[PDB]
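Presented below, as structure tokens, is a lone chain in the form deposited in one PDB entry.
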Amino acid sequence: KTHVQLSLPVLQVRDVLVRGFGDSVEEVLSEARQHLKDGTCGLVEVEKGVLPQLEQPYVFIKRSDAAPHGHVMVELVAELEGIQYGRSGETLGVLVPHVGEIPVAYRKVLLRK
């Protein structure tokens, strides 16, 4: 399938134990997709002071469309030193590994895989 319905655990930035997916734009996008597939991916909602607490490169989920079965359609965009790789809509949050942190909510998304 080109798209997959996922329910992403929303984590508080100060709870996150593993604060990025790796060391290159290509690696973080790769790892993010693997974790999304394995159900081991969390979402941090971006506000003032969140991103500097996480590790670059960042992986964003961004709205790709204006929501089948409650699931907002999203795609992945990476960022490193203020350059983005991809072009998409509004940020829903930054993806991080989920290693058992207790979430505050779930974000239902339809991921272009």
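Residue numbers run from 1 along the displayed sequence.
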Which class fits the unmodelled deposited stretch between residue 66 and residue 67: none, 1 to 3, 4 to 9, or 10 or more? 1 to 3
Which of the two stretches, 40-48 or 68-76, shows the higher mean Cα temperature factor in the record? 68-76
From 89, 9, 20, 100, pick the one with the largest CA B-factor in the entry? 89
Select lowest, middle or highest to describe the third in which the CA B-factor of residue 31 falls within its chain in this entry. lowest
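One more form of this protein should be noted, the form deposited with a small molecule bound, which is absent from this view; the next part is about it.
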Contact test, all of 4, 36 and 111, partner the small molecule in the bound PDB entry, heavy atom 4.5 Å: yes
